[PDB]
């Protein structure tokens, strides 16, 4: 005996019928919870991306020089690259994760419509025949019961009331044939309906088991996709960080200081103190600052 919905969702009152149908709302509930969860997770990522992009738009002054200035620019460009990545990730979190639940809820609605329709008609007919069977069985039952009574009256009745009784008895006996006939027809019709019901519910159970099995594969894959997206985000950001470090590694402080000196130098000549100007040896005061070239060791 196989372990499937086909063999384990029956019951004397179609318990499996009402159960598996009502489960559709539980599946929908679970699906909506996760959609809502990942909806927020995506917006969190988007906001993060947006703020990081805004930060990348920061303008610095022109006060820094050399490769150190370049490093700040590279760093800002790479923070921007991280923003772009996170924005792309948030978009995928919405489209491939969040919206996957949305597309599932839309698909499930159609699946339920197709399944519920093609089984509730069969079920309604099953109950319809069964009602007709009980109604027919009852008529035939209490007709036989009246015959029993009318015969028992023959022992104590007399006169015109005995013949009136025997008239009722005779009329009731002739009703038995048709009543028994309609009853047996009701038995036959209910048998066929049950036979059709057994086959149809089996078919429905197979389809309902498919949905459940696909549901669990779906939920696993989406959560899997979620981790793939975040791991990708980590790879991207780490690569950006590595590029910042590579740029920093190539940034020589001593070379920067050299270039700083060349660009900011104010003079290599040391001003000499003013000398004595003897009025008599033709000497005359001048303003030309004598310069002696600096020649110190660091």
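Numbering follows the first chain given and starts at 1.
Of the two segments examined, 147-155 and 217-225, it is 147-155 that shows the higher average Cα temperature factor in the deposited entry.
In this crystal structure, the stretch out of 138-146 and 95-103 whose C-alpha atoms carry the higher mean B factor is 138-146. Listed residues 89, 195, 169, 79 were ranked by CA B-factor as deposited; 195 comes out on top. Sorting the modelled residues of the chain by their CA temperature factor places residue 56 in the middle third.
Residue-level temperature factors show residue 119 in the highest third of its chain, judged at the C-alpha atom.
For residue 71, the recorded CA temperature factor ranks within the lowest third of the chain's modelled residues. When all modelled residues of the chain are sorted by CA temperature factor, residue 208 is found within the middle third. In this PDB entry, the Cα temperature factor of residue 185 sits in the middle third of its chain's modelled residues.
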